[PDB]
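Protein chains in written order, with the UniProt record's numbering: chain A, 1 to 135, 151 to 284, 335 to 392; chain B, 1 to 135, 151 to 284, 335 to 392; chain C, 70 to 104; chain D, 70 to 107.
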Amino acid sequence: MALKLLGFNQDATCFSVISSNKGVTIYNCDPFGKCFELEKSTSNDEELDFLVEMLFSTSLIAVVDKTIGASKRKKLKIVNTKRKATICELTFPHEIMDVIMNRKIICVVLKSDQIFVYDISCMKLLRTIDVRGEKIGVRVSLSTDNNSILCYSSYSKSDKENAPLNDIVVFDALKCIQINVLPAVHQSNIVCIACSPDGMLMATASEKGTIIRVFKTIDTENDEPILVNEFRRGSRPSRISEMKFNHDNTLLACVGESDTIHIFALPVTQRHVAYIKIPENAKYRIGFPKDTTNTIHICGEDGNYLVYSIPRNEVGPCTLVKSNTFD
Amino acid sequence: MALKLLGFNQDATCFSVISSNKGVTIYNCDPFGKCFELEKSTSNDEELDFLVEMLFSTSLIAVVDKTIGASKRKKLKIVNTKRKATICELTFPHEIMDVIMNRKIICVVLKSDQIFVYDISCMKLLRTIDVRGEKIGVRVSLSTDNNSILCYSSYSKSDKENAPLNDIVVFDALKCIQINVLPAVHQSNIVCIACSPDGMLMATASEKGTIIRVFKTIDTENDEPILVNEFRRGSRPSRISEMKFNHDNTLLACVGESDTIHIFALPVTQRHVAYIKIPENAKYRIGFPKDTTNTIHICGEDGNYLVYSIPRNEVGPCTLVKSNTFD
Amino acid sequence: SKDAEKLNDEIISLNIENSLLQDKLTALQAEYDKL
Amino acid sequence: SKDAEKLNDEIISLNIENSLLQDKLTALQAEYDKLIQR
C-alpha cells in the first residue's frame with residue numbers, strides 16, 4: 001500500500017512517516033536526511049504503526065504500537081535515536097488514540113477519553129482527566160512552549176437529551192488548574208483542535224458547519240469567552256484533519272478532505338488569504354518553522370515533501386520553493 | 001608537604017591540584033572559583049592521589065588512586081562533579097601511569113607499556129597495545160580535537176644489542192590503524208611527547224640532548240617522515256617535563272627542571338622566542354586557551370597561578386597580565 | 070543564536086533520560102535485594 | 070561561539086553517562102533474571 005500515517009513535528013524540523021514496507025523513518029528538513037530508521041518489528045504486510053510524537057529536534061521519541069493488537073492499546077515506549085534503546089515502558093488500561101508532548105508536559109490520550117498528564121522530568125502522573133467519566152472521539156491539542164496549556168473537547172449538559180455533543184475546556188497542565196470552560200461553540204461534533212505555540216489562541220473544527228472559530232485562551236474575560244474571528248469555508252463543506260498556528264500567531268493553516276489547503280491571517284497585530342493546490346484523494350500534513358514567517362512546510366503521502374512561500378499582501382496562491390522525495 | 005601533583009586541562013580552562021591536606025581541589029580560570037573539591041579519602045599525611053585527567057569543561061572526570069597501595073594499580077573511576085557519583089569502575093591488570101582523554105577516545109597507559117583504547121560513547125575497548133610485548152617508561156600524547164591521533168614512543172630494533180631504546184609511533188586511534196612509524200629520532204630515551212590539538216604536529220624530548228624535534232604527523236610522506244624544525248636548548252642541558260602546542264600551531268611551550276620557560280615559534284605559516342622566568346626548585350605546568358594566541362596560562366606548585374602575554378615580534382620576555390593564588 | 074536554542078533542547082532531553090534511567094536503577098535495585 | 074562550544078561538549082558528557090547507565094541497566098537486569106531462575 002501507500003506510505004500512510006504521516007506525523008508532524010512541533011518545531012517543523014522533521015516529520016514522522018510510517019513506510020508501509022518496514023518500520024518507520026524520520027527525515028530532516030535542513031539539510032534533508034534519514035534522521036532515524038526503526039528496524040523490523042513486523043509479521044504481516046498491512047499492519048501499521050499508528051502513533052509517533054516527538055520532541056523538537058532531540059533523540060527523545062514517543063512510540064506506541066507495531067502489531068495490530070499484540071501490544072498496542074497498552075504500550076508506550078521512550079527511545080533514544082542515537083542508541084536505539086527503550087528507557088521507560090508505560091502501560092495503560094485502554095487504547096491510545098493520540099500523544100502530544102512538549103518540553104515540560106507529556107499527554108497521553110486514551111480511547112475512553114482519559115487524558116494522562118505527566119511531568120516529563122520524572123514521569124509522575126500529575127492528573128487523570130475523566131472526560132467521558134463526567135458526562151467520533153475526543154480531539155486534544157497542546158501548546159509547544161513552556162507554560163504549556165492543554166485544550167480538549169468535552170460534552171455539554173444535554174447528555175440526557177442526546178448522546179453526543181462538543182464544547183471546549185481550557186486547562187493549565189502546568190499547575191493542573193482548569194482555566195476556562197467554553198460553551199457549545201458548534202451545532203455539530205468537533206473534528207480537530209489546534210492550539211497556538213504560545214498557548215494564547217485556539218482553533219475549532221466542526222463536521223457540519225465547516226467554519227473555523229478562534230477563541231482567546233487564557234487572558235479572555237472570566238465573564239464570557241472572547242471570539243476573535245471566523246473563516247469562510249469555501250464552496251463546499253469538508254472534513255478538516257489538522258490545523259496549525261504560526262509562531263507570531265498571524266497565520267493559520269488548514270488541511271482536510273479537500274482539493275486545497277487554506278491559509279488564514281490574523282488581526283492580532335479575512336475570509337481567505339493563501340491557497341495551496343493539492344491532489345484530491347491523497348492526504349497531507351502541515352507545519353512551519355520558527356526561522357521565518359514566509360515558509361510553509363508540506364508533508365505528503367504521495368511521497369513528496371514541498372516548501373511553499375506565502376504572499377504577504379496578495380490573495381494569490383503560494384509559490385513553490387524547495388522540494389524533495391520520500392522513501 | 002608542599003601542594004604537589006598539578007594536572008592541566010586540555011582546553012586550558014582549569015587545572016587539577018592535589019592539596020596535600022585533604023583530597024584534591026579543581027579551580028576555574030574565568031572567573032576563578034572552586035569548581036570541584038573531592039572530599040576526604042585519606043588515612044596518612046604524605047600519601048598522594050596520583051592520576052587525574054578530565055574532560056574539557058564538563059562534569060566528567062577520570063580519577064585513579066588515593067591510597068599508597070590499597071586500590072591504586074587496578075582502578076579507574078568515572079565521576080560526575082555535580083552529583084559526586086561514580087558511574088563506571090574499570091579494573092586493569094597493571095599499574096596505571098598516565099591517562100589522556102578527548103571527546104571520543106579515552107586512553108589508559110599501564111606500567112607494563114600497555115595502552116587501552118576505548119570508544120567513550122559506550123566504553124568498549126577498541127584495541128590493546130602491547131608495546132613492551134613486541135620488543151624510565153613510555154611517554155604517550157594525544158590530539159584534543161576530533162580525528163584524535165595517538166602518539167607513543169616505542170623501542171627500536173636493537174633489543175638484542177641493549178635493553179633500552181626509543182622510536183616514535185603515530186597511531187590513528189579513530190580507525191585503530193597505525194599511520195606512521197618514525198625511526199630513532201634520538202640516540203637516547205624519550206622523556207616527554209606533545210601532540211598538536213588538530214593532530215597534525217608532534218614534538219619529542221630527549222633526556223641527554225634536550226633538543227626538541229618537531230615532525231609532521233599524518234600528511235607526512237609515506238617514503239620518509241618530515242622533520243619540521245629544531246630548537247636551541249639554552250646554556251645548560253635540562254630534563255623536559257611537559258610541552259604544549261598552540262591552537263593555530265604557531266607556538267610551542269616547554270617547561271622542566273630549568274630556571275626558565277621557553278617559547279618556540281613555528282614556521283608553518335627560530336632558536337628562541339619568548340622566555341618566562343621561573344623559580345628554580347619548583348615545578349610548573351603549561352597551558353593556553355582557545356580564545357587568543359597571546360595568552361599563556363601558568364600553573365605553579367608554589368600556590369601562584371599566572372597568565373602571561375606573548376610578544377609577537379620581540380625577543381623580549383613574556384608579560385604578566387593576570388594572577389591568582391591557590392589554597 | 071538559533072543553533073544555541075536548539076542545543077538547549079537536546080540538553081533538556083538528555084537530562085530527562087538521565088532522570089529516567091536513575092529511577093529505573095532504584096526500581097531494579099529494591100527488587101534484587103528482596104530475591 | 071564559546072557558549073555554543075561548551076554546550077556541544079556537555080551533550081557528549083550527558084550522552085556518555087546515559088550509555089553507561091544503560092549498559093549498567095542491562096547488566097543488573099540480567100543478573101537479577103539469572104538468580105531468580107536458578
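We put the CB at the ideal spot given by N, CA and C, even for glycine.
DSSP, read as helix, strand or coil, puts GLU100 (chain C) in helix.
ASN84 and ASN87: these are the residues of the segment 70 to 87 of chain D whose beta carbon lies less than 8 Å from some beta carbon of chain A, given in chain order. Of all alpha-carbon atoms in A:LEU267, A:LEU55, A:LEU38 and A:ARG251, the one lying nearest the alpha-carbon of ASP160 (chain A) is that of A:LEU55. When rounded, the separation of the alpha-carbon atoms in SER221 (chain B) and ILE96 (chain B) is 23 Å.
Its chain contains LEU180 as the residues whose beta carbon lies nearer than 7 Å to that of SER173 (chain B), once the 5 sequence neighbours on both sides are disregarded; these appear in chain order. Across the set B:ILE61, B:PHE50 and B:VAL79, the C-alpha of B:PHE50 shows the shortest separation from the C-alpha of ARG73 (chain B). When only Cα atoms are considered, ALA339 (chain B) and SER374 (chain B) end up about 9 Å apart. Within chain D, the residues whose beta carbon sits less than 8 Å from that of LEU60 (chain B) are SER82, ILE85 and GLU86, listed in sequence order. The C-beta distance from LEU94 (chain C) to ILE87 (chain A) rounds to 12 Å, too long to meet the 8 Å contact threshold. By the rule that beta-carbons nearer than 8 Å mark a contact, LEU94 (chain D) does not touch chain B. A distance below 8 Å separates the beta carbons of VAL270 (chain A) and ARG350 (chain A). Sequence-distant partners of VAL24 (chain A) (beyond 5 residues in either direction) whose C-beta falls short of 6 Å from its own C-beta, in its chain, are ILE18, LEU38 and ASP49. Rounded to the nearest whole angstrom, the CA to CA distance from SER158 (chain A) to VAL386 (chain A) is 29 Å.
With a threshold of 8 Å between beta carbons, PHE56 (chain B) makes contact with chain D.
Within chain B, no residue has its CB atom less than 8 Å from the CB of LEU97 (chain D), the nearest being about 13 Å off. Here DSSP, grouped into helix, strand and coil, assigns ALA12 (chain A) to coil. Residue-level contact by beta carbon fails for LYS355 (chain A) and chain D, as no gap is shorter than 8 Å.
It is roughly 16 Å from the alpha-carbon of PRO198 (chain A) to the alpha-carbon of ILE226 (chain A). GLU89 (chain B) is bridged by DSSP to B:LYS77.
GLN91 (chain D) reaches chain C at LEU90, counting residues in chain order whose Cβ is nearer than 7 Å.
Following the DSSP letters along the chain, one finds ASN237 (chain A) in no beta strand (DSSP E), marked with neither H nor E. A Cβ of chain D is located within less than 8 Å of the beta carbon of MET123 (chain B). Comparing alpha-carbon positions, the option among A:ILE343, A:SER59, A:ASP65 and A:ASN195 lying closest to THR275 (chain A) turns out to be A:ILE343. Under DSSP, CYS107 (chain A) shares a beta bridge with A:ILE100 and A:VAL117. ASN80, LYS82, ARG83, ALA85 and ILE87: these are the residues of the segment 79 to 112 of chain A whose beta carbon lies less than 9 Å from some beta carbon of chain D, given in chain order. Exclusion of the five residues before and after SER20 (chain B) leaves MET1, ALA2, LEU3, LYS4, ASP45, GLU46 and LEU48 as the residues of its chain whose Cβ lies within less than 8 Å of its Cβ.
Taking C-alpha positions only, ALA99 (chain C) is separated from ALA99 (chain D) by approximately 15 Å.
Among the bridge pairs identified by DSSP, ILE375 (chain A) is matched with none. Contact annotation, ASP11 (chain B) with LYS259 (chain B): C-beta distance approximately 12 Å; criterion of less than 8 Å not satisfied.
Under DSSP, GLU79 (chain D) forms no beta bridge with any residue.
Under DSSP, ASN244 (chain B) shares a beta bridge with B:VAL229. Non-local C-beta neighbours of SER112 (chain B) in its own chain, meaning closer than 7 Å and more than five positions away in sequence, comprise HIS94 and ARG132, ordered along the chain. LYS84 (chain B) and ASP234 (chain A) have their alpha carbons spaced roughly 45 Å apart.
The residue from B:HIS277, B:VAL117 and B:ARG127 with its alpha-carbon nearest to that of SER250 (chain B) is B:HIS277. For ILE120 (chain B), the closest Cβ of chain D is nearer than 8 Å.
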